[PDB]
Amino acid sequence: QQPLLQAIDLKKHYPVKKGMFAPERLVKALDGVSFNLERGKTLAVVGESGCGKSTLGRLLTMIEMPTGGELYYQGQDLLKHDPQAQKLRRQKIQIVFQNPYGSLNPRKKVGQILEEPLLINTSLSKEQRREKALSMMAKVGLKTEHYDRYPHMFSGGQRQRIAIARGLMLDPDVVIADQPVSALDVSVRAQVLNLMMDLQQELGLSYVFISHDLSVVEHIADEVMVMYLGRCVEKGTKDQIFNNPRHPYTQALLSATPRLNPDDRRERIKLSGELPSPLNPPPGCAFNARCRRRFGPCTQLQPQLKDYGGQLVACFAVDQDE
Amino acid sequence: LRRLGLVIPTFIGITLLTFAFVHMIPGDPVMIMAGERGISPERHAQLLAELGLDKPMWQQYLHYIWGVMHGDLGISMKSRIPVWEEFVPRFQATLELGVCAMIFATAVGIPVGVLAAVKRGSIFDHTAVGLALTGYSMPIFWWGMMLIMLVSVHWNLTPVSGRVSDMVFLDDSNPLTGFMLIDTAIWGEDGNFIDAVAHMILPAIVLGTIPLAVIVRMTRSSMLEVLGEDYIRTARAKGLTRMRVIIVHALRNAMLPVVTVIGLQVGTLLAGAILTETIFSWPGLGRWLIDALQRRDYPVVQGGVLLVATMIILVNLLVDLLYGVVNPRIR
Amino acid sequence: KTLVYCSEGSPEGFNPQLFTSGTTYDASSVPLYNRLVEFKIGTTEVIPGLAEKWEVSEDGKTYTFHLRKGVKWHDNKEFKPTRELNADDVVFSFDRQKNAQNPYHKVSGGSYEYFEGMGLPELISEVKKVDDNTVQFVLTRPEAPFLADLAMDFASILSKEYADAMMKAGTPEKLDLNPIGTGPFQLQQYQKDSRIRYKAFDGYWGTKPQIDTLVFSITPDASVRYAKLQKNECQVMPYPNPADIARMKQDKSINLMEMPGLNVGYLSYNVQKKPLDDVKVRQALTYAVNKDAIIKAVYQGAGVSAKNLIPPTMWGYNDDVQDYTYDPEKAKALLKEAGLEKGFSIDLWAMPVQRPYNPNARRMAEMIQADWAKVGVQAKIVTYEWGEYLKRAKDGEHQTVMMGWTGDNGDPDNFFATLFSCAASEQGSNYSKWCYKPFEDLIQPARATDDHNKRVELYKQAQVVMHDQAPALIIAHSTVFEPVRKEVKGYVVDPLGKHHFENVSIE
Amino acid sequence: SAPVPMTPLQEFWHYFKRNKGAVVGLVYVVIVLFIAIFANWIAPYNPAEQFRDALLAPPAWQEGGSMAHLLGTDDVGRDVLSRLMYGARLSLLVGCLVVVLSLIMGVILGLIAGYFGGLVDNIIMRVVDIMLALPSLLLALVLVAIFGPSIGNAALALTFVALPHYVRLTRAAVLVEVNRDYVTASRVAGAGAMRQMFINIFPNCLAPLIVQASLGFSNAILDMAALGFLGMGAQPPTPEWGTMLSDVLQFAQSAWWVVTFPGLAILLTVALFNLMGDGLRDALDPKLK
Amino acid sequence: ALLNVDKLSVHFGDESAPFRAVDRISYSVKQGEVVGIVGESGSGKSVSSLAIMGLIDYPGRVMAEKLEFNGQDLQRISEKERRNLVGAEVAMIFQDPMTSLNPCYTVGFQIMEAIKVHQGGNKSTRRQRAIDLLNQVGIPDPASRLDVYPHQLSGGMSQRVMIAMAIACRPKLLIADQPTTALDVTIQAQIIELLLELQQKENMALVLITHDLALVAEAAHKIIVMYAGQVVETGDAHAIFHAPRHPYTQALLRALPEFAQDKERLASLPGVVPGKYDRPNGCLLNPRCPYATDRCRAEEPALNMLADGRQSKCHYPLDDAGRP
Ligand SMILES: Nc1ncnc2c1ncn2[C@@H]1O[C@H](COP(=O)(O)OP(=O)(O)OP(O)(O)=S)[C@@H](O)[C@H]1O
Ligand SMILES: Nc1ncnc2c1ncn2[C@@H]1O[C@H](COP(=O)(O)OP(=O)(O)OP(O)(O)=S)[C@@H](O)[C@H]1O
Ligand code: SF4
Ligand code: SF4
C-alpha cells in the first residue's frame, strides 16, 4: 500500500520584480525532495530560516500548486482536481499556521473560527459544535470566556493555541504543523505536545512538524528531515540524526542548540563566509561557502541523497568517508 | 494590438445597447424638428427613408457598425458636421474642466479627510464633513447661482459664466490646441491667461464639490480602518514624527478605496457635467449628448457614448494598474 | 464699439433654409442675410428688403419683384464676389428648396422644413428670371399670406456665384457652414456652444451698423443671463425667467423692454373623445378655469389672458366677443345639462419643456386640475418627454393636451389654418380633431382673397364660430421681455421673437 | 459571575450607542419616517390644495407672512410644510430602494468579480464601465418605453447608474482580502466559494460601502430632481422633495423659502444618514470592542 | 536607574470589571543591564512592554505610581515630550513580525527611515548601513532583499528585519519580545551574540522577553518571572534556575524535555490560568500550586525580599532544597 503522504521531487519557485516594469526574477524557495509519511507517525522538518519549510507545508496542504514534482495522498494525486474525492481529501489534510494572527479573521469571534471546520464537514447541531469548540479549547488551556473574543484581544501564544485547536478539530489523517509551539512557555508547550502525542496514539494522526526548537524535535519526532537553501541535506530516524549527524550542516545546527545546564553548554561551530542566495543559488552544494569539510566536487556538482544504512545524506565528504 | 482586452464583445455590447436603446425611445428626429407643426405622412415616410430609418433595426445596426469599423462615426443630424469634428472641441473643454475639478477636489479632499480622521469627533471633523455633505446635497443650479451671486456679482472677485471673456478672442492663425489654459498661456496677449484661469475657478469649485465629499468621506473612513493596525504601532514606536506616520504609513494603506472613487468620479466628470455646463455656459460633452438625445440625433448619442465609454474603460484600466503601485500585494 | 448679447442656446448652423429654431435665425438669418421683403422692426408690416418694389397680378397668381441695385455680398477667406445681387441669386435660393435635380438640393441633408411646411412646393409653380434685376413667382392658386412668407428667415437670398464656386471646388457644404449673405453683419468665428463673433459689413446697402462688432455669448440659463447683464458682461438678453421680472422692473442699470407677443398658449380638447364631443362640456371646462390666477401664478404677470386664438395686437382680432370669464357656478350648471353632474375622469397632458407661449405647463396643469376639481371633473396630469409628447398627441391618444403657437409671419392664416383646419388635422397639428365647416368656409376664402377688409371680416367671423364651439381653452399670450442695459440706444422689441442689432448703438 | 450572553443585535446596539451623533441620526430618521407614514394625521393641510389668495406667502416670521402657513407657500399657493411631510413618503422610499437594490447587486457582482478574478472579473468590470458610460436620461427614457410611466422606472434608472460604484468599491476591498491568510485558512477548513465571499470576506469590505450607501441617498433624490426637469418623476400634484425643489429653482433670489426648506429636508436626512454610517462602522469594528 | 517602573498596572475591559493583564508590576533597568522576562503565555509581558512606551490603545488603561525613563516621569510630562523622548531613546521588537512591518513598503525603505531619524546620513550612506545591518542579522542576499516586501519574506526574515530596524534606532533601552521565535538555533545564537555585543559596546539596556529558559540563563544579568499579571520571582540569572524561590518557577523548569524519556508525556502545572471571572482571592497560583496552605487561599503574598537580594511573591519562599 502507498504511504499516507508521498512527495516526489516537489519544487516551488516565486516570481520577484524590483518594480512594476522590472525583469521578473525567480526565487528558488524549494528545489526540494521526496518523502514518505505513514499513519501514526511524525516527520519533523528542521533547517535554516528561509530554507523552504513553510513553502513545503503549503504544497502538502494544497494551499499552492508546485512548479514541479508529484504529491500523492494514499495513492491519490493531490495535484489534479476530482469533485467526488476533494470534499473528503480537504478535511483529511489540515494545517497549523506559522505567525497565525493574520490567519484568524479579525471580524470573527474565536468560537466562530473553531466551529467553522465542524459546520462545513459534520452534522453537529449548534450546542454540539459549541461543546466541541470549548472541549478543544480546554485541551489546549484556553477558557469559556475566550470563545466570545476577537483574535486581536489575545497574546501571541493564545493565537498559537487557537490555530492548533482549528487544525486538530476534524479528526484529520495528516496535520502540517508550522512552528506550532514557538510562542508558548514550557508548561503550555508540554500541554500542547501531550495533546498532539495523545491524538497520534488514539486516532492514528500523522504530523509534518516544522520546528526551529531542536529540544522539541528530539522528543516528538519518529523521522527527521534537515533542509538547507530549498533542498534536503539529511534524513533519518530521530536516533540516527541526533546521535550520529553526518551532514556538516546538521552538525553545525545540532551544535548550536541552547541547553539549560551550564556544563552541557558548548561552543557553536561559528560558521563564517558569505550566505547563499535563493535568487542565484550557487553551482554545486549550497553550503560550500561556509562548510569546514571543503573538497573538490562541492563547488561543481549537486550532491544527492545516498543510503549509508537507511540514513539518507546528500554530501560528497560522507560519500568519500564511505 | 491593444491593452483593453475583450475588444470585439466590448464594441458589440456598447454599440448594440446604445443603438437599440435610442431606437426604442418613441419619436423621430424629423418629428421633433417639425415641433408643434405637422409633418404630412408622405413627407415623414420620405425623410425617414432618406436618413435610413425605415429599415429593420438589425440592418440599421450592421450599416452603422460597418461604417464605424471603416473609421466613420457618421454625420450629426443637428449640426450637419461629422460626429468627430463635433466631439473633439467639446471633449477638450470637458477634460480641461474635469481635470481642474479633480485637482481641486483631490488637493482639498486628501488633506481635509486625513485631518478629520486624525482629529476624530472634533469641531474640525464635524465642520469639514458637514460642509462637504452640504455641497454634496445642494442641486448644482442653486449652489452655482449662490457662488455666482456672491463671488461674481456681489464681491466682484470672478467672471460670471463662460470659458473666456466674451469680447477677448485668440487668433486662429496660431496653431491652437483647443484647451484655453494652454492656448492663452502660449498665444494670448497680456492678461489673457489670468482671464482663462479666472473663468475656471467657479466651475471647478462647483463640479469638484460633488467629488470632494466622496474623497473626504472615503479617505476618512479608510484612515480609521488603518490607524489602529499593528504596523502603525511600529511607525509610532520607531520615533517618526506624526506627519510621517499619517502621510507615509497610514495614508499609503488608505489610498486604495480613494483612488477607486477618484476613478469612478472621473467617469462622471466626462459624461455627466450637464448642470455645471448649463450654469457656467461651458462648451462640454454633457450639454451636447443630452441635446442630441432630446433631438434624436442618433449619430451623436451613439458616437458620443462610444467615445465616452472608451475613456471610462481606459481610466478604470489605469486605476486598476495604479492599485499595484498603492498596494504591491495586488501585483 | 462692441455689443455682447447673451443667447438662449446655440445655432444649428448658418444657412437659415435648413433650420426651424429662432435661436438659429438670430445667429444665421437676421445678421447674415436679407430677404426679398422684410418686417418693419416691432411690427407685422412688410416693407422693401432686397426688392424695392413689387407687383401682384389681378388674379393673385403672379408676384413680380424688382431687385435693388448696388446690393453687394460679404467676403470670406475662400470667396470674394464679382457681382452685385442678381435675379439668378433669388432664383437659386428658391430652386434649391423646390427642385430635386438642382446641385444643392441634397446638400446638408435637404431638410427645407419651413418651405415644405408652408406648402410652397404646391403653391409656387415657377420662379422666373424676367431680367437681370426682376424676379417672378407664379403660383398654382392665389394666397394673400405669400408676401409675408417671403419675409421669413427661410426666404433668405443665397449667392449663386458662391454656390457654384464651392460646387466646382468640390466642397458644397461650405455654402451652409461658411456663410455668404447680403446682411448687415458677417461671421468671423463660431466657437461651438460658446460664442459667435460678427463684424459689421462696411459695404452694406442699408444704414451700416453703429456697432463695429457683435458677440453672442451663448448662455443657456435664464437666471445666469441676468447675472451677466447685472455685471455688464452682456448688454442685451432674451427670455428673462418670469420670477426675476419683478426685480428687473426695479433695476436702475437696465430698461426692461416689453411687447405684447404674437403667440398663444392653449389646452386642446379632443372632440373625438366621449365627454368632450359635446360643446356644453367644452364650454363648462372653460368657465371652470381662473385664467387670471394662471397669469399671476404660472406667468408671474408676464402674460395677458386670451379670449380667442389671435393675439390682441395682430390685425383681424375680434375684440367684439366676450370670454367665458371665470364662473364655477355657471360651469356646474352646464355639466348638469349634459347629464354629467355625476362627474368624469379626464386626461390633462402637460409638456415638461419650457416654451415661449407656456413657461410652466406642469404648474398650469396643477391649477387646471384644482379648478376642474372644484367643478367635479377629476383631471389626471399626464406628461412625456417632448418627442413622445408630440408623437402620441399627433396619433390622437390624448383627451386634453397643452399646446401653443408663435406667429411665423404675423398673418391670422398662420394660426387658424395651421392649428384648427382640416388640413392641419391631416398633418397632425389639429390637436383638437375639430373639423367645422362654418369655420373652414371663413378661414379658407380669407387665405385666397386679396381684399384686406374681407380677410378681417372673415377672420372676425372665424373667432365667433370657434368661440361658440370651444375646441380649446385659450389661456394666454406671453409678453416678450427684453432686459437691455441703459447704455444701449435704438433697440426695438420684435413681436415675431427675433433679435435685431443693425439699428442699435452703444454710448 | 459571567455576564448575560449578548445577541448580535444587542452588541450592535450597545456599540452603536457610544457614538452620540449616530443616535441623534437614528432619532431623526425615525422622526421623518413617523412624519411620512402618518402625514395625513399631522400635516396642516391636504397637499394639492391651493390657497390662491396667498401665492408666495413667506414664512410666519417674515413681513407679509402669516401663522396660517408656518414655512410659507409655493408659487401656486400650496403649504410648503404639508408638501414636505407628504413629500417624505416618496423621497424616503425611492432613496431607500435605490440604495438597497444597488448595494445588494453591487455586493454580489463585486464579491464574484474580486473573489474569482480573471475572465469573470474582466467581464464584470467591462459591464460596469458600459453602465458608467450610458447617460442616466437614456436609461430613464428606455425604461419608460418598456414599462410605462411609473415612480419605479426612475428608481431603476437611478439603481443602474449607481450600481458601478458599489461593484468597484466592493471588488477593490475583496482584492486585498482574498490574498490574506484567513481566507486561505478558511479554504483549508473547507469553505466553498459562497461561504468564502459572503460569510468570510464580506465583513471586511463594509467601510467603503457604508460611505457609498450614506452618500447614495442624496443622489437618489437630486438625480430624481435632475430627471424631474423632464417627463420622469412623481405624478405632478403628489409631493416628492427632489421634484418640489427642481420645480422652484427660479425662485432663489426672490422667495428663498421654497428652495430652502426642501434643501434642509434633504441636507438633514443626508447629514444624519452619514452620522448613522459612522455608528454602523464603529459597531462592526472589532478594535472598538 | 535608566528605566524605573513602580506599581504598573494595565486593565482591559470596562472599568466595572477590569481584566488585570498587568497587576502592580514593579522593576528597574540600569544602563548596560540585560533583564530577562519569563512566564506563562498570557501573563502580561507584551502588555507591560507596550505600556512603558504608551502603545496601549483605547480599550486598555495604564496606571502606575512611577513610570520614569532617563530622569523624566513619563505620565506628568506632555504626550509630545513623552513621544520625542521615548521614540528617540527606546526601541521595541514586537512579537509578530508579519503584522508589525508595513505591508506596502520595501524592507530597505522601512530600515532606512530608522537610520534617517536616529543617525541622519545621506541616501547612499543609508543604503550602505542598511546592508551592514542586514549582514549583521544574516539575511541571505541583502542588496536584492532590501527591495522586497514583507509578504515575500519568511517569518524568521521579517523578524530579523525588525531586529535590524530596532538596532538602526541606536536606542538607550531595547525591549525584545520573543526575538528568536521564528529563528533556527544557529541564527538565534547570532542574534543574541549581536544584541549582547551592542549592549557591551554602546552601554544600552536590554529586556529579553522569552520562553527559551536556556537562552535567557546564558544572556541575562537579572531575570523577572511573571504569572497571571504579577511578578512572582526576581533575581540574578545564574541563580534563578539553579535553585528557584517560587513554586511557579520550579514547576516551569520541571516541564522541560530534558527531564523526560524518549517518547513520554511531559510534565506541566495541572490546571488553567485565572481569567476575569475566576480570579483567586489571595495568591493567583492557589488552584495549581502543590504547596498551597489555607493562608494562600486567604492572603495576597507580598514580593518578599530574601537575604541573597532576590525576591519571591510567596508566603513560603522555596529553599535551596526545592521545598517550602
Ligand atoms: N510569496 C512569496 N513571494 C516571494 N518570495 C517568497 C514568497 N513566499 C516565500 N518567499 C521566499 O521563499 C523562501 C522560503 O521561505 P519559507 O518557505 O518561509 O522558508 P521557511 O524555511 O519556512 O522559513 P521560516 O521557517 O518561515 S523562518 C524565502 O527566500 C522567502 O523570502
Ligand atoms: N485587548 C484585549 N482585551 C482583552 N484581553 C486582552 C487584550 N489584549 C491582551 N489581552 C490579555 O492580556 C494578557 C497579557 O497579554 P500579553 O502581555 O500579550 O501576554 P504575554 O505575557 O506577553 O504572553 P505571550 O508571551 O505574548 S504568549 C493576556 O492574558 C490576554 O488575555
Ligand atoms: S558536499 Fe562538501 S560543501 Fe557540501 S556539505 Fe558536504 S562537505 Fe560541505
Ligand atoms: S503563596 Fe502559596 S499558593 Fe502562592 S506560590 Fe506560594 S505556596 Fe503556592
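Letters A, B, ... are given to chains in the order of the sequence lines, protein chains preceding strands, and every chain is numbered from 1.
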For [X], is it the side chain, the backbone, both or neither that has a heavy atom under 4.5 Å from a heavy atom of chain C?
X: B/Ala93; answer: neither
X: B/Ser76; answer: neither
X: B/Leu293; answer: backbone
X: B/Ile148; answer: side chain
X: B/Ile25; answer: neither
X: B/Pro159; answer: both
X: B/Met145; answer: side chain
X: B/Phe169; answer: both

Shortest non-hydrogen contact between [X] and [Y], atoms and distance:
X: B/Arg287; Y: C/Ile218; result: NH1-CG2, 4.3 Å
X: B/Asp166; Y: C/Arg195; result: O-NH1, 2.8 Å
X: B/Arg296; Y: C/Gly387; result: NH2-CA, 3.9 Å
X: C/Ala227; Y: B/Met149; result: CB-SD, 4.4 Å
X: C/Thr2; Y: B/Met167; result: CG2-CB, 4.3 Å
X: B/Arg80; Y: C/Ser108; result: NH1-O, 2.8 Å

Against chain B, work out which of [options] has the most heavy-atom pairs shorter than 4.5 Å and name it.
options: C/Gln230, C/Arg197, C/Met403; answer: C/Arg197
options: C/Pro11, C/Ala423, C/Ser111; answer: C/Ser111
options: C/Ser223, C/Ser21, C/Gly109; answer: C/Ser223
options: C/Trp405, C/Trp386, C/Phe19; answer: C/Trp405

Between C/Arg225 and B/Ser161, a side-chain donor and acceptor under 3.5 Å:
no
A side-chain contact here means heavy atoms from C-beta on lying under 4.5 Å apart; do B/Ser281 and C/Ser194 qualify?
no
Are any of the side-chain heavy atoms of B/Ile81 and C/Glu173 separated by less than 4.5 Å?
no
Counting only heavy atoms closer than 4.5 Å, note whether [X] contacts chain B via side chain, backbone, both or neither.
X: C/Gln191; answer: side chain
X: C/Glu388; answer: both
X: C/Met351; answer: neither
X: C/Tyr357; answer: side chain
X: C/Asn232; answer: neither
X: C/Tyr389; answer: neither
X: C/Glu12; answer: both
X: C/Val224; answer: both
X: C/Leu177; answer: side chain

For C/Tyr198, all residues meeting ring-ring contact (aromatic ring centres under 6.0 Å, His included), sequence neighbours excluded
C/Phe216
Check this for me: does any side-chain nitrogen of one of [X] and [Y] sit under 4.0 Å from a carboxylate oxygen of the other?
X: B/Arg90; Y: C/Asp193; result: yes
X: B/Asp28; Y: C/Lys391; result: no
X: B/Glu86; Y: C/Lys192; result: yes
X: C/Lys394; Y: B/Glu36; result: no
X: C/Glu116; Y: B/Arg37; result: no

Run the side chain to side chain contact (heavy atoms under 4.5 Å, CB included) test on B/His44 and C/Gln427 for me, step by step, so that the C-alpha distance in whole Å, both residues' side-chain angles and the decisive distance to 0.1 Å come before the verdict.
CA-CA 10 Å; B/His44 197 217; C/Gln427 300 184 353; over 6 Å; no
Could you have a look at B/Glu85, B/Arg163, B/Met77 and say which one has the most heavy-atom pairs with chain C under 4.5 angstrom?
B/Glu85
For the candidates B/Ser40, B/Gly162, B/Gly35, which exhibits the highest count of non-hydrogen atom pairs separated by less than 4.5 Å from chain C?
B/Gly35
Enclosure of C/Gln188 CD (heavy-atom neighbours >12, cutoff 6.0 Å)
yes
Other residues, nucleotides, ligands: >12 heavy atoms within 6.0 Å of C/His105 NE2:
yes
Can any side-chain N or O of C/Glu233 pair as donor or acceptor with the backbone N or O of B/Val160 at less than 3.5 Å?
yes
Separation of C/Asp221 CG from B/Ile279 CD1 (nearest 0.5 Å)
4.0 Å
Starting from the C-alpha separation in whole Å, work towards a yes-or-no answer on salt bridge (charged side-chain N to carboxylate O under 4.0 Å, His left out) for C/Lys106 and B/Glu50.
CA-CA 10 Å; C/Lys106 296 283 180 164; B/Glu50 188 170 66; 2.7 Å; yes
